[PDB]
Structure formats: structure tokens, C-alpha cells
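Asks: here's my sequence, what's the structure:
(2 chains)
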Number of protein chains: 2
Amino acid sequence: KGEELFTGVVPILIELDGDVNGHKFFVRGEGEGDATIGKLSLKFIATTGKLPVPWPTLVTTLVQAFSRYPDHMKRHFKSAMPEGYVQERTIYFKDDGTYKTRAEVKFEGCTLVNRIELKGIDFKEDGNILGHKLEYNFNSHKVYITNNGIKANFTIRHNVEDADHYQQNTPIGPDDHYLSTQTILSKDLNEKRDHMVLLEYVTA
Amino acid sequence: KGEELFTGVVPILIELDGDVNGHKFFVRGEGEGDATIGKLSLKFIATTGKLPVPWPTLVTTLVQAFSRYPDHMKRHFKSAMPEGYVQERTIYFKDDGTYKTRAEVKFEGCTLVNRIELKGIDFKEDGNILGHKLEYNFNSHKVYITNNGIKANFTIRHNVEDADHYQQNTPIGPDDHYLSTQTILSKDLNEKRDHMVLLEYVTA
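Replies: Numbers count the residues shown, from 1 in each chain, chains lettered A, B, ... in the order given. Okay, here it is:
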């Protein structure tokens, strides 16, 4: 009943409550995922105003279960559904502050929900994060698999006008392989709130 | 938990097993419904070969819960979800054979399913149904509401190259009003099997 929950389009809800160097903010996203196609379409909004941090830095934190596993890899995220999984990460931004995140990803009724908590500390003022000198775009990366859970490691590349991820996933109630990601960030021209429109393609 | 199951796009499965004048056939459909928009998008296929009857005659039988209730009419199909409802009909085709149908419409996991049984008797040979002289199109109609269930009556107009519905709906586990329907039938050019592509718009 794992994979068989993803054979088509699934609604997504993402909620993150965060705090970076004392700056509290909350983000809510709604969209859809198509695991057969490794597709995500989502819109995120800052419900607390202007985001004190760059949108790209929250991309990795905000539903890997929608990844396209090749058909010979089905056996190697979906396996943990519908009960879901806990996804924890430690994110270190070079010469800048660290993110510690804990999220719970599971089905809540017929909706896949990602309920998330994020804490940022030791970020420098005027730095790439708080001075908002980071570009609104996203590069392509590879996510490496391996306590009855998955473990993950990768480094995100943020275009600066001029981040090491450490991940642990554990089931709420898998051999080595990896996932390839490509992302596109955009804006809703008709949106007055701080937001992020995202499209994502991931395969293993 | 009725209406709150339809605030977005819901997957649909339709299965009909039927028998008209001894001609057995089965039809399976898959698609999506958007109740907020009174929209249905579906593809039906005859899994038993060529349909012995015209596709338009099965349209009314094959998810009214996807109808667009105006926001002042919410209180007046969705109310019976997720447990679902039984939908029964008697269909009389003038100077031609009658359909008696029984269907069960309910959620099966996260999918809205319409499991249906259909029996046809007293149809004339060479007639509008069995001689396949009926056009592949569909007119617009109005569905009238009124035993803890809904009751319904209407007459479908089939373009002939040259049908009174009697309905009863009962909950598995509402004041007078009506619904307006508009339908479009098409074909998948890349489909070798007997099929029907349908798009539907319904409001109350």
C-alpha cells in the first residue's frame, strides 16, 4: 500500500514553522505531485509577511516520495506510506548559519502533508542569507541513499549575486541508490504576498 | 466530511457490468472530477470489444457528486460521502427497450468509485439502440431533485441519424433544487478499443 498510493496525482500540503537567528516566520504550500513522472507543482506563501531569508534555502526542507523510481528500482519513501516518515536534516551554510530541521511526511486523509519545523542559528548579518543577496533560482543536484531508515548527504549550490545537507529518514509506523533533481523557481505575477512557485523533476 | 472531500481534484473509477437483451458487456472508466468547477474528465473503454449499444445511452448511468453546487446551496451527493450512496434508475427508451440500473457510488480509499450494474430488456432489433443509428454526441439537460434519499426525473434527447430517466438515491451509511448539465463526447485517435472520451459541466 506504499507505491500503490502514488500511482497518479496526489494533493500536497506543506507547512513549515521556522526560526532563524530569532526571526520567526511560517510558510504554507499547496500543490500536486505525480510520482510516475517525478513531478511536483507547488505554490508556497509566507503567511507572516516578507521572508527574512532567501526562498532557495528552504527548497530542500519543504516530499521526496514523489520521486520517479525506475521500474526496476521500485523495490529500492513510498514504502513508508500511508503512515509516513520523519525526515530530519542538518544543513550547514559555509561561513554562515546552520539549519536543523525536523519534518513529518505522511498522508492526512487523502492529502500528502509535510509538517515541518526549522531552526536557524549563527547566521551572519549582511551575509548571503539575511542580506538577501541570493538569486531566485535553483541548480540541479543528486541525492544519495543508504536504524530501519534512509540516510542522505548532498551539497546545494546557491547562486550568489557574486550548503551541506545531512539527512535522516525514519518510518512512522532499501539498498544504496541515488536521486537526480532539477528545479525551477518562479513567481505568481498576480500575488502580492512573499511567495515561491516551484516546479520540480526528480528521478532515481 | 462530505463537501470537504471535494474541495479540489478527485480521481474517479467507473465500472459497469451490463446486459441488454442478452448482450453482455463491461465498461471501465478512469478520470478526474473537480466539484468546485462542476467538471468531469473521463475516458471509458469497452473491455469486452465492440459495444452492442450506443455510447450516449450509457452516459447518464456511468458521479453527480462532482456537480457545482452554488455556495448558497452547499446545504442543498456530497453529504453522503465518504460512505457513499446507492443510485438506482429506470430508463425508458420510447418505442424501445428499458434500462434498470443499480450503482454504488462511494470512496474506496482515496478514489471515488462508481460500481454499477445494468440490465436491458425489450429492445427492438434494427432499432435506435441495436442498429447503431444513434449519433455520437450529447445534448444539454436539467436534473430535478426532491426515505432519507434524493429522487430524480428527466428526459435525455438522443440525436438520431433521423429517454425518460427515473432515479432514486439512498445513503450507504436536502430541499428541492435542480442541476444543469452540458456534455461533450469525443474519441481518442490513438485508441483501437471501443471507447468514449467525455467532458462534462454541471451546476445547480
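Asks: for the closest residue to chain B within chain A, give me its contacts.
Replies: In chain A, the residue found nearest to chain B is residue A:110; the distance is 3.9 Å by Cβ to the nearest Cβ. For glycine as for every other residue, the C-beta is placed from the backbone atoms N, C-alpha and C. Counting by Cβ atoms under 8 Å, 6 or more residues apart in numbering or on different chains, residue A:110 makes contact with A:11, B:5, B:110.
Asks: surely residue A:140 is in contact with residue A:182?
Replies: Yes. Using Cβ atoms under 8 Å, residue A:140 is in contact with residue A:182, at 4.6 Å.
Asks: neighbour count winner among those two?
Replies: Remark: of residue A:140 and residue A:182, residue A:182 carries more neighbours, 14 against 10, as counted by other Cβ atoms under 10 Å in any protein chain shown.
Asks: and the more buried one, what are its bridge partners?
Replies: Taking DSSP bridges as the rule, residue A:182 bridges to residue A:201.
Asks: which positions in chain A make contact with chain B?
Replies: A:5, A:8-9, A:11, A:32, A:110 (Cβ under 8 Å from any Cβ of the partner chain).
Asks: what about these, which are in strands?
Replies: The strands, defined by DSSP state E, take in A:9, A:11, A:32 from those.
Asks: based on its surroundings, how many neighbours for the second one?
Replies: Around residue A:11 sit 19 other residues, with neighbours defined as other Cβ under 10 Å.
Asks: nearest spatial neighbour of it, skipping sequence neighbours?
Replies: residue A:111 (4.8 Å; Cβ to Cβ, 6 or more residues apart in numbering or on different chains).
Asks: ok, that neighbour - contacts?
Replies: A:10-13.
Asks: and the residues you listed as CSV, adding distance to residue B:58?
Replies: What follows is those, written out as CSV (distance: Cβ to Cβ, whole Å):
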residue, distance to residue B:58
A:10, 30
A:11, 30
A:12, 35
A:13, 37
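Asks: what's the most distant pair in the residues of chain A next to chain B?
Replies: Greatest spatial distance in the residues of chain A next to chain B: A:5 and A:32, 14.1 Å, computed using Cβ to Cβ.
Asks: so which strand or helix has residue A:26?
Replies: Following DSSP states H and E, one finds residue A:26 within strand A:23-34.
Asks: which parts of chain A are strands?
Replies: Ranges of strands within chain A are A:9-20, A:23-34, A:39-46, A:85-92, A:98-108, A:111-121, A:141-144, A:150-155, A:164-171, A:178-186, A:195-203, based on DSSP E.
Asks: what's the fifth one packed up against?
Replies: Packed against strand A:98-108, as judged by 3 or more Cβ pairs under 8 Å, 6 or more residues apart in numbering or on different chains; DSSP states H and E, are the following elements: strand A:9-20, strand A:85-92, strand A:111-121.
Asks: between those, which one is nearest to residue B:196?
Replies: Comparison of those against residue B:196 by Cβ to Cβ identifies strand A:9-20 as nearest, at 22.1 Å.
Asks: quick one: strands adjacent to that closest one?
Replies: By DSSP bridges, strand A:9-20 pairs with strand A:23-34 (antiparallel), strand A:111-121 (parallel).
Asks: next, the angle from it to strand A:98-108.
Replies: Interaxial angle of strand A:9-20 relative to strand A:98-108 (axes from the mean of the first three to the mean of the last three Cα atoms, to 10 degrees): 150 degrees.
Asks: ok, so what distance separates the residue nearest to residue A:11 from residue A:37?
Replies: Residue A:111 sits 19 Å away from residue A:37, taking Cβ to Cβ, to the nearest Å as the criterion.
Asks: for residue A:59, same thing?
Replies: According to Cβ to Cβ, residue A:59 and residue A:37 sit 19 Å apart.
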